[PDB]
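Listing of work-v6.cif, mmCIF, N, CA and C atoms
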```
data_structure
#
loop_
_atom_site.group_PDB
_atom_site.id
_atom_site.type_symbol
_atom_site.label_atom_id
_atom_site.label_comp_id
_atom_site.auth_asym_id
_atom_site.auth_seq_id
_atom_site.Cartn_x
_atom_site.Cartn_y
_atom_site.Cartn_z
ATOM 1 N N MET A 1 -10.232 -47.115 120.320
ATOM 2 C CA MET A 1 -11.403 -46.225 120.549
ATOM 3 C C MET A 1 -12.009 -45.850 119.192
ATOM 4 N N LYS A 2 -13.286 -46.179 119.007
ATOM 5 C CA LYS A 2 -13.986 -45.906 117.754
ATOM 6 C C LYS A 2 -14.544 -44.489 117.612
ATOM 7 N N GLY A 3 -14.382 -43.931 116.415
ATOM 8 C CA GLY A 3 -14.885 -42.603 116.124
ATOM 9 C C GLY A 3 -15.738 -42.700 114.875
ATOM 10 N N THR A 4 -16.886 -42.027 114.865
ATOM 11 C CA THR A 4 -17.768 -42.077 113.702
ATOM 12 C C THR A 4 -18.555 -40.788 113.524
ATOM 13 N N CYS A 5 -18.711 -40.343 112.279
ATOM 14 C CA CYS A 5 -19.479 -39.132 112.031
ATOM 15 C C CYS A 5 -20.948 -39.497 112.239
ATOM 16 N N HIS A 6 -21.842 -38.528 112.095
ATOM 17 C CA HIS A 6 -23.254 -38.810 112.297
ATOM 18 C C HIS A 6 -23.818 -39.722 111.215
ATOM 19 N N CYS A 7 -23.653 -39.328 109.952
ATOM 20 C CA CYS A 7 -24.120 -40.126 108.813
ATOM 21 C C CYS A 7 -23.677 -41.574 108.988
ATOM 22 N N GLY A 8 -22.550 -41.753 109.673
ATOM 23 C CA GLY A 8 -22.016 -43.083 109.894
ATOM 24 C C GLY A 8 -21.142 -43.502 108.727
ATOM 25 N N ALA A 9 -21.003 -42.604 107.757
ATOM 26 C CA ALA A 9 -20.193 -42.862 106.571
ATOM 27 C C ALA A 9 -18.709 -42.981 106.908
ATOM 28 N N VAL A 10 -18.261 -42.212 107.893
ATOM 29 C CA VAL A 10 -16.854 -42.220 108.269
ATOM 30 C C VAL A 10 -16.580 -42.874 109.624
ATOM 31 N N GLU A 11 -15.552 -43.715 109.674
ATOM 32 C CA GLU A 11 -15.161 -44.360 110.920
ATOM 33 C C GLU A 11 -13.651 -44.364 111.079
ATOM 34 N N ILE A 12 -13.179 -43.846 112.203
ATOM 35 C CA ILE A 12 -11.753 -43.820 112.464
ATOM 36 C C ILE A 12 -11.417 -44.755 113.621
ATOM 37 N N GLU A 13 -10.124 -44.994 113.805
ATOM 38 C CA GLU A 13 -9.613 -45.849 114.871
ATOM 39 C C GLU A 13 -8.458 -45.038 115.443
ATOM 40 N N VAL A 14 -8.675 -44.389 116.583
ATOM 41 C CA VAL A 14 -7.628 -43.551 117.161
ATOM 42 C C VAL A 14 -7.290 -43.779 118.632
ATOM 43 N N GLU A 15 -6.015 -43.590 118.957
ATOM 44 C CA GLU A 15 -5.517 -43.729 120.320
ATOM 45 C C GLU A 15 -5.121 -42.332 120.777
ATOM 46 N N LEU A 16 -5.768 -41.840 121.828
ATOM 47 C CA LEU A 16 -5.477 -40.506 122.338
ATOM 48 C C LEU A 16 -4.136 -40.443 123.045
ATOM 49 N N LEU A 17 -3.379 -39.390 122.761
ATOM 50 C CA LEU A 17 -2.074 -39.202 123.374
ATOM 51 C C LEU A 17 -2.162 -39.155 124.892
ATOM 52 N N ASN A 18 -2.920 -38.196 125.412
ATOM 53 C CA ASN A 18 -3.059 -38.046 126.853
ATOM 54 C C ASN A 18 -4.522 -37.936 127.256
ATOM 55 N N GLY A 19 -5.302 -38.941 126.877
ATOM 56 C CA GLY A 19 -6.715 -38.953 127.202
ATOM 57 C C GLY A 19 -7.436 -37.656 126.898
ATOM 58 N N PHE A 20 -8.410 -37.334 127.741
ATOM 59 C CA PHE A 20 -9.214 -36.126 127.593
ATOM 60 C C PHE A 20 -8.705 -35.034 128.519
ATOM 61 N N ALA A 21 -7.703 -35.379 129.317
ATOM 62 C CA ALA A 21 -7.113 -34.452 130.269
ATOM 63 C C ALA A 21 -6.834 -33.069 129.689
ATOM 64 N N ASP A 22 -6.491 -33.009 128.406
ATOM 65 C CA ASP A 22 -6.182 -31.730 127.776
ATOM 66 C C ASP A 22 -7.122 -31.297 126.656
ATOM 67 N N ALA A 23 -8.390 -31.687 126.745
ATOM 68 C CA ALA A 23 -9.370 -31.309 125.730
ATOM 69 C C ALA A 23 -9.627 -29.805 125.814
ATOM 70 N N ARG A 24 -9.171 -29.071 124.803
ATOM 71 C CA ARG A 24 -9.335 -27.619 124.774
ATOM 72 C C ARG A 24 -10.305 -27.162 123.684
ATOM 73 N N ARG A 25 -10.175 -25.903 123.269
ATOM 74 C CA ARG A 25 -11.051 -25.335 122.246
ATOM 75 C C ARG A 25 -10.439 -24.114 121.559
ATOM 76 N N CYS A 26 -9.826 -24.310 120.393
ATOM 77 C CA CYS A 26 -9.234 -23.194 119.656
ATOM 78 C C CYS A 26 -10.365 -22.215 119.364
ATOM 79 N N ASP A 27 -10.105 -20.925 119.540
ATOM 80 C CA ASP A 27 -11.134 -19.929 119.284
ATOM 81 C C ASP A 27 -10.777 -19.043 118.097
ATOM 82 N N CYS A 28 -9.884 -19.529 117.238
ATOM 83 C CA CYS A 28 -9.496 -18.770 116.057
ATOM 84 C C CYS A 28 -10.730 -18.614 115.164
ATOM 85 N N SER A 29 -10.623 -17.799 114.119
ATOM 86 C CA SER A 29 -11.754 -17.570 113.223
ATOM 87 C C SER A 29 -12.407 -18.859 112.712
ATOM 88 N N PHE A 30 -11.607 -19.898 112.494
ATOM 89 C CA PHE A 30 -12.137 -21.164 112.000
ATOM 90 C C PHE A 30 -12.638 -22.085 113.111
ATOM 91 N N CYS A 31 -11.779 -22.376 114.080
ATOM 92 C CA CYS A 31 -12.154 -23.264 115.171
ATOM 93 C C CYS A 31 -13.380 -22.763 115.928
ATOM 94 N N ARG A 32 -13.483 -21.450 116.106
ATOM 95 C CA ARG A 32 -14.627 -20.880 116.806
ATOM 96 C C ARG A 32 -15.894 -21.246 116.043
ATOM 97 N N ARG A 33 -15.767 -21.370 114.724
ATOM 98 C CA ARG A 33 -16.897 -21.731 113.873
ATOM 99 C C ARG A 33 -17.190 -23.236 113.918
ATOM 100 N N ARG A 34 -16.154 -24.051 114.110
ATOM 101 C CA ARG A 34 -16.331 -25.500 114.222
ATOM 102 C C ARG A 34 -17.154 -25.731 115.489
ATOM 103 N N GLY A 35 -16.617 -25.256 116.614
ATOM 104 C CA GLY A 35 -17.287 -25.384 117.897
ATOM 105 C C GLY A 35 -16.997 -26.661 118.667
ATOM 106 N N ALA A 36 -16.223 -27.560 118.069
ATOM 107 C CA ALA A 36 -15.906 -28.832 118.704
ATOM 108 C C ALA A 36 -14.804 -28.774 119.758
ATOM 109 N N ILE A 37 -14.762 -29.807 120.592
ATOM 110 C CA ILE A 37 -13.756 -29.950 121.640
ATOM 111 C C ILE A 37 -12.795 -31.014 121.120
ATOM 112 N N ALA A 38 -11.512 -30.680 121.031
ATOM 113 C CA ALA A 38 -10.533 -31.627 120.519
ATOM 114 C C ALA A 38 -9.591 -32.221 121.565
ATOM 115 N N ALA A 39 -8.911 -33.290 121.160
ATOM 116 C CA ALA A 39 -7.939 -34.002 121.985
ATOM 117 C C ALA A 39 -6.851 -34.469 121.022
ATOM 118 N N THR A 40 -5.598 -34.442 121.463
ATOM 119 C CA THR A 40 -4.474 -34.826 120.609
ATOM 120 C C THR A 40 -4.321 -36.326 120.334
ATOM 121 N N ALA A 41 -3.537 -36.648 119.305
ATOM 122 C CA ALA A 41 -3.258 -38.027 118.915
ATOM 123 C C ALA A 41 -2.085 -38.079 117.930
ATOM 124 N N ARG A 42 -1.093 -38.917 118.220
ATOM 125 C CA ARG A 42 0.071 -39.053 117.346
ATOM 126 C C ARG A 42 -0.373 -39.492 115.953
ATOM 127 N N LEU A 43 0.377 -39.085 114.932
ATOM 128 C CA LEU A 43 0.060 -39.451 113.552
ATOM 129 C C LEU A 43 -0.102 -40.955 113.395
ATOM 130 N N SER A 44 0.786 -41.706 114.037
ATOM 131 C CA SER A 44 0.749 -43.161 113.964
ATOM 132 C C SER A 44 -0.297 -43.789 114.885
ATOM 133 N N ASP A 45 -1.151 -42.962 115.485
ATOM 134 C CA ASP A 45 -2.194 -43.478 116.364
ATOM 135 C C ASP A 45 -3.593 -43.319 115.770
ATOM 136 N N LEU A 46 -3.686 -42.722 114.585
ATOM 137 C CA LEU A 46 -4.982 -42.522 113.944
ATOM 138 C C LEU A 46 -5.073 -43.244 112.600
ATOM 139 N N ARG A 47 -6.146 -44.008 112.428
ATOM 140 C CA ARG A 47 -6.363 -44.773 111.212
ATOM 141 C C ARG A 47 -7.812 -44.650 110.728
ATOM 142 N N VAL A 48 -7.987 -44.233 109.477
ATOM 143 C CA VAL A 48 -9.315 -44.091 108.887
ATOM 144 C C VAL A 48 -9.829 -45.473 108.486
ATOM 145 N N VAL A 49 -10.800 -45.976 109.241
ATOM 146 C CA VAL A 49 -11.372 -47.297 109.003
ATOM 147 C C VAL A 49 -12.213 -47.377 107.731
ATOM 148 N N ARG A 50 -13.142 -46.439 107.571
ATOM 149 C CA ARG A 50 -13.993 -46.409 106.390
ATOM 150 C C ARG A 50 -14.502 -44.996 106.120
ATOM 151 N N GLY A 51 -14.871 -44.740 104.870
ATOM 152 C CA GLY A 51 -15.390 -43.438 104.502
ATOM 153 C C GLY A 51 -14.343 -42.447 104.042
ATOM 154 N N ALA A 52 -13.135 -42.925 103.772
ATOM 155 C CA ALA A 52 -12.067 -42.041 103.317
ATOM 156 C C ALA A 52 -12.498 -41.245 102.084
ATOM 157 N N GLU A 53 -13.336 -41.848 101.248
ATOM 158 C CA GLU A 53 -13.810 -41.192 100.035
ATOM 159 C C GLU A 53 -14.939 -40.197 100.293
ATOM 160 N N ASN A 54 -15.516 -40.244 101.490
ATOM 161 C CA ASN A 54 -16.624 -39.361 101.839
ATOM 162 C C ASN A 54 -16.193 -38.177 102.696
ATOM 163 N N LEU A 55 -14.888 -38.039 102.908
ATOM 164 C CA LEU A 55 -14.364 -36.937 103.703
ATOM 165 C C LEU A 55 -13.904 -35.769 102.846
ATOM 166 N N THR A 56 -14.094 -34.557 103.358
ATOM 167 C CA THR A 56 -13.678 -33.359 102.645
ATOM 168 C C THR A 56 -12.487 -32.714 103.335
ATOM 169 N N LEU A 57 -11.535 -32.263 102.532
ATOM 170 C CA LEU A 57 -10.333 -31.629 103.044
ATOM 171 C C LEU A 57 -10.437 -30.119 102.924
ATOM 172 N N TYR A 58 -10.105 -29.427 104.003
ATOM 173 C CA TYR A 58 -10.145 -27.977 104.003
ATOM 174 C C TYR A 58 -8.839 -27.402 104.523
ATOM 175 N N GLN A 59 -8.255 -26.503 103.738
ATOM 176 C CA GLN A 59 -7.003 -25.844 104.090
ATOM 177 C C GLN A 59 -7.159 -24.339 103.920
ATOM 178 N N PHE A 60 -6.398 -23.571 104.691
ATOM 179 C CA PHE A 60 -6.456 -22.118 104.594
ATOM 180 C C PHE A 60 -5.242 -21.460 105.247
ATOM 181 N N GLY A 61 -5.112 -20.149 105.057
ATOM 182 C CA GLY A 61 -3.996 -19.419 105.632
ATOM 183 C C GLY A 61 -2.665 -19.989 105.188
ATOM 184 N N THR A 62 -1.952 -20.614 106.119
ATOM 185 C CA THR A 62 -0.661 -21.216 105.809
ATOM 186 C C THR A 62 -0.863 -22.543 105.086
ATOM 187 N N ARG A 63 -2.105 -23.019 105.060
ATOM 188 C CA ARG A 63 -2.433 -24.287 104.414
ATOM 189 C C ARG A 63 -1.602 -25.401 105.038
ATOM 190 N N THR A 64 -1.187 -25.174 106.281
ATOM 191 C CA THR A 64 -0.392 -26.141 107.026
ATOM 192 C C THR A 64 -1.338 -27.158 107.648
ATOM 193 N N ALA A 65 -2.274 -26.656 108.445
ATOM 194 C CA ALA A 65 -3.251 -27.501 109.109
ATOM 195 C C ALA A 65 -4.174 -28.152 108.087
ATOM 196 N N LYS A 66 -4.524 -29.407 108.338
ATOM 197 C CA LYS A 66 -5.412 -30.142 107.450
ATOM 198 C C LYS A 66 -6.684 -30.467 108.223
ATOM 199 N N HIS A 67 -7.814 -29.971 107.734
ATOM 200 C CA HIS A 67 -9.090 -30.195 108.393
ATOM 201 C C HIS A 67 -9.979 -31.101 107.544
ATOM 202 N N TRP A 68 -10.531 -32.149 108.147
ATOM 203 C CA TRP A 68 -11.405 -33.056 107.410
ATOM 204 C C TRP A 68 -12.800 -33.064 108.014
ATOM 205 N N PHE A 69 -13.805 -33.244 107.164
ATOM 206 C CA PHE A 69 -15.188 -33.305 107.618
ATOM 207 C C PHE A 69 -16.003 -34.139 106.640
ATOM 208 N N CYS A 70 -16.975 -34.872 107.169
ATOM 209 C CA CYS A 70 -17.836 -35.726 106.360
ATOM 210 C C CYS A 70 -18.688 -34.901 105.393
ATOM 211 N N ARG A 71 -18.618 -35.216 104.103
ATOM 212 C CA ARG A 71 -19.374 -34.472 103.090
ATOM 213 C C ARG A 71 -20.888 -34.644 103.198
ATOM 214 N N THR A 72 -21.326 -35.695 103.883
ATOM 215 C CA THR A 72 -22.752 -35.965 104.018
ATOM 216 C C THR A 72 -23.400 -35.289 105.221
ATOM 217 N N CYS A 73 -22.896 -35.578 106.418
ATOM 218 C CA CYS A 73 -23.460 -34.992 107.625
ATOM 219 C C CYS A 73 -22.737 -33.713 108.057
ATOM 220 N N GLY A 74 -21.634 -33.406 107.385
ATOM 221 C CA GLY A 74 -20.885 -32.202 107.701
ATOM 222 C C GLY A 74 -20.151 -32.228 109.027
ATOM 223 N N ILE A 75 -20.117 -33.388 109.681
ATOM 224 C CA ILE A 75 -19.450 -33.511 110.975
ATOM 225 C C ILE A 75 -17.926 -33.556 110.911
ATOM 226 N N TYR A 76 -17.296 -32.660 111.657
ATOM 227 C CA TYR A 76 -15.841 -32.583 111.727
ATOM 228 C C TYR A 76 -15.287 -33.792 112.489
ATOM 229 N N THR A 77 -14.488 -34.609 111.812
ATOM 230 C CA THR A 77 -13.902 -35.795 112.431
ATOM 231 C C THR A 77 -12.568 -35.505 113.114
ATOM 232 N N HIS A 78 -11.572 -35.126 112.320
ATOM 233 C CA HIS A 78 -10.237 -34.842 112.837
ATOM 234 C C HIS A 78 -9.489 -33.876 111.923
ATOM 235 N N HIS A 79 -8.314 -33.439 112.369
ATOM 236 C CA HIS A 79 -7.487 -32.529 111.585
ATOM 237 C C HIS A 79 -6.024 -32.624 111.995
ATOM 238 N N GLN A 80 -5.137 -32.256 111.079
ATOM 239 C CA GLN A 80 -3.709 -32.282 111.355
ATOM 240 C C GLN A 80 -3.289 -30.891 111.809
ATOM 241 N N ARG A 81 -3.147 -30.727 113.122
ATOM 242 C CA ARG A 81 -2.757 -29.457 113.720
ATOM 243 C C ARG A 81 -1.723 -28.695 112.900
ATOM 244 N N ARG A 82 -1.742 -27.372 113.028
ATOM 245 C CA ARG A 82 -0.810 -26.519 112.299
ATOM 246 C C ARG A 82 0.392 -26.152 113.163
ATOM 247 N N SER A 83 0.264 -26.367 114.469
ATOM 248 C CA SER A 83 1.384 -26.198 115.387
ATOM 249 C C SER A 83 2.277 -27.435 115.401
ATOM 250 N N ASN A 84 1.657 -28.606 115.299
ATOM 251 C CA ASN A 84 2.395 -29.864 115.294
ATOM 252 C C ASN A 84 1.943 -30.791 114.170
ATOM 253 N N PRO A 85 2.721 -30.830 113.093
ATOM 254 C CA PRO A 85 2.427 -31.719 111.961
ATOM 255 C C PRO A 85 2.460 -33.216 112.286
ATOM 256 N N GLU A 86 2.832 -33.551 113.519
ATOM 257 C CA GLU A 86 2.891 -34.944 113.949
ATOM 258 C C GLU A 86 1.719 -35.282 114.863
ATOM 259 N N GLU A 87 0.731 -34.397 114.905
ATOM 260 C CA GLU A 87 -0.440 -34.619 115.741
ATOM 261 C C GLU A 87 -1.738 -34.452 114.964
ATOM 262 N N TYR A 88 -2.812 -34.945 115.562
ATOM 263 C CA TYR A 88 -4.139 -34.853 114.987
ATOM 264 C C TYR A 88 -5.037 -34.271 116.065
ATOM 265 N N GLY A 89 -6.049 -33.524 115.647
ATOM 266 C CA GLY A 89 -6.997 -32.965 116.585
ATOM 267 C C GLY A 89 -8.264 -33.740 116.305
ATOM 268 N N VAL A 90 -8.771 -34.463 117.299
ATOM 269 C CA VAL A 90 -9.972 -35.266 117.105
ATOM 270 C C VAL A 90 -11.206 -34.705 117.798
ATOM 271 N N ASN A 91 -12.348 -34.838 117.132
ATOM 272 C CA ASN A 91 -13.624 -34.380 117.667
ATOM 273 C C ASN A 91 -14.048 -35.392 118.747
ATOM 274 N N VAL A 92 -13.952 -34.999 120.015
ATOM 275 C CA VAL A 92 -14.318 -35.887 121.122
ATOM 276 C C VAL A 92 -15.748 -36.427 121.015
ATOM 277 N N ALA A 93 -16.647 -35.625 120.453
ATOM 278 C CA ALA A 93 -18.039 -36.025 120.321
ATOM 279 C C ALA A 93 -18.277 -37.185 119.360
ATOM 280 N N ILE A 94 -17.318 -37.483 118.494
ATOM 281 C CA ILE A 94 -17.511 -38.604 117.578
ATOM 282 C C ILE A 94 -17.039 -39.914 118.222
ATOM 283 N N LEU A 95 -16.240 -39.798 119.279
ATOM 284 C CA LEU A 95 -15.723 -40.965 119.991
ATOM 285 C C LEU A 95 -16.858 -41.735 120.661
ATOM 286 N N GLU A 96 -16.925 -43.033 120.380
ATOM 287 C CA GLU A 96 -17.961 -43.904 120.921
ATOM 288 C C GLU A 96 -18.010 -43.876 122.442
ATOM 289 N N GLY A 97 -19.208 -43.647 122.977
ATOM 290 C CA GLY A 97 -19.399 -43.605 124.415
ATOM 291 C C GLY A 97 -19.034 -42.287 125.071
ATOM 292 N N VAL A 98 -18.807 -41.255 124.266
ATOM 293 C CA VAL A 98 -18.437 -39.955 124.814
ATOM 294 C C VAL A 98 -19.468 -38.863 124.579
ATOM 295 N N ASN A 99 -20.061 -38.380 125.663
ATOM 296 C CA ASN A 99 -21.023 -37.293 125.578
ATOM 297 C C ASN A 99 -20.242 -36.073 126.056
ATOM 298 N N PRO A 100 -19.944 -35.136 125.143
ATOM 299 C CA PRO A 100 -19.190 -33.921 125.466
ATOM 300 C C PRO A 100 -19.651 -33.200 126.731
ATOM 301 N N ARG A 101 -20.948 -33.246 127.009
ATOM 302 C CA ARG A 101 -21.483 -32.601 128.202
ATOM 303 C C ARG A 101 -20.786 -33.104 129.471
ATOM 304 N N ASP A 102 -20.535 -34.409 129.529
ATOM 305 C CA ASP A 102 -19.900 -35.014 130.692
ATOM 306 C C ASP A 102 -18.482 -34.524 130.964
ATOM 307 N N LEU A 103 -17.890 -33.808 130.014
ATOM 308 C CA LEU A 103 -16.540 -33.290 130.212
ATOM 309 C C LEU A 103 -16.576 -31.993 131.015
ATOM 310 N N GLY A 104 -17.774 -31.443 131.197
ATOM 311 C CA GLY A 104 -17.913 -30.204 131.937
ATOM 312 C C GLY A 104 -17.196 -29.065 131.233
ATOM 313 N N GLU A 105 -16.984 -27.961 131.941
ATOM 314 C CA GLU A 105 -16.299 -26.813 131.361
ATOM 315 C C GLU A 105 -14.925 -27.218 130.835
ATOM 316 N N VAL A 106 -14.509 -26.586 129.743
ATOM 317 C CA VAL A 106 -13.212 -26.854 129.133
ATOM 318 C C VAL A 106 -12.645 -25.543 128.605
ATOM 319 N N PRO A 107 -11.341 -25.318 128.805
ATOM 320 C CA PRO A 107 -10.660 -24.100 128.357
ATOM 321 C C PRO A 107 -10.764 -23.818 126.863
ATOM 322 N N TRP A 108 -10.128 -22.725 126.454
ATOM 323 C CA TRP A 108 -10.079 -22.303 125.061
ATOM 324 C C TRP A 108 -8.616 -22.017 124.737
ATOM 325 N N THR A 109 -8.055 -22.748 123.780
ATOM 326 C CA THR A 109 -6.664 -22.537 123.404
ATOM 327 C C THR A 109 -6.552 -21.281 122.546
#
```

Rendering of file as structure tokens:
Amino acid sequence: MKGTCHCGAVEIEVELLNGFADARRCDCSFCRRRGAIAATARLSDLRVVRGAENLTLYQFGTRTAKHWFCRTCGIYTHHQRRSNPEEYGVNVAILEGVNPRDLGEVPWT
């Protein structure tokens, strides 16, 4: 499944752990500001195809979670959850063929 930021500078290759069945929405001070809907993915299921040099890393608080976003279009691609260092949180909207609207209402973690 292909993932790409808007600028198109960044492209990932990720396999979702359990599809979109569990797409939630963290409402913490940071996630509430991101606004994206995420889905899990094992560390060994995500691969940065291109644009690794165009991504920005953001850490805070425990500096456990790793958040990445395209420096050009500012689009949040994925992040390394702070609850599970063996998982990634992916922006469903960057996934090819996925219109977030079609997911309908989604909870808030």

Next on the checklist: Can you measure atom C of residue 9 of chain A to atom CA of residue 62 of chain A for me? One decimal in Å is fine.
Outcome noted: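 Between atom C of residue 9 of chain A and atom CA of residue 62 of chain A the gap is 28.3 Å.
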
Checklist entry - In terms of the shortest atom-to-atom distance over all atoms listed in the file, which of A:98, A:65, A:46, A:36 is closest to residue 24 of chain A? => result A:36

Next on the checklist: Once the PyMOL selection byres (((chain A and resi 56 and name CA) around 9) and name CA) has been evaluated on this model, what residues remain selected, and can you format them as a count of residues only?
Outcome noted: 12

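For the pair atom N of residue 5 of chain A and atom CA of residue 94 of chain A, the separation is 5.7 Å.
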
Item to check | helix (DSSP H, G or I) positions in segment 2-96 of chain A, given as a list in words | outcome: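 Answer for segment 2-96 of chain A, restricted to helix (DSSP H, G or I): residues 31, 32, 33, 34, 43, 44, 45, 52, 53, 54, 92, 93 and 94 of chain A.
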
Item to check | Residue contacts of residue 4 of chain A (6.5 Å, all atoms listed in the file) excluding same-chain residues fewer than 4 positions away, as a list in words | outcome: residues 8, 10, 11, 12, 94, 95 and 96 of chain A

Item to check | Between atom CA of residue 105 of chain A and atom CA of residue 7 of chain A - distance in Å to one decimal | outcome: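 Atom CA of residue 105 of chain A lies 27.3 Å from atom CA of residue 7 of chain A.
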
Checklist entry - Where in chain A does DSSP assign strand (DSSP E), given as a PyMOL selection string? => result chain A and resi 2-4+11-14+38-42+46-50+55-58+66-70+76-80+87-91

Item to check | Explicit residues for the PyMOL selection byres (((chain A and resi 35 and name CA) around 12) and name CA) (as a VMD selection string) | outcome: chain A and resid 24 to 34 36 to 38 75 to 76 91 to 93 100 108

Next on the checklist: Taking only C-alpha atoms into account, name the residue in A:66, A:6, A:47, A:101 that is nearest to residue 84 of chain A.
Outcome noted: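 Selected residue with least distance to residue 84 of chain A: A:66.
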
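Take the PyMOL selection byres ((chain A and resi 1) around 5) and apply it to this file: it picks residues 2, 3, 13 and 14 of chain A.
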
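The residue that comes closest to residue 42 of chain A, out of A:106, A:73, A:17, A:23 and on the basis of only N, CA and C atoms, is A:17.
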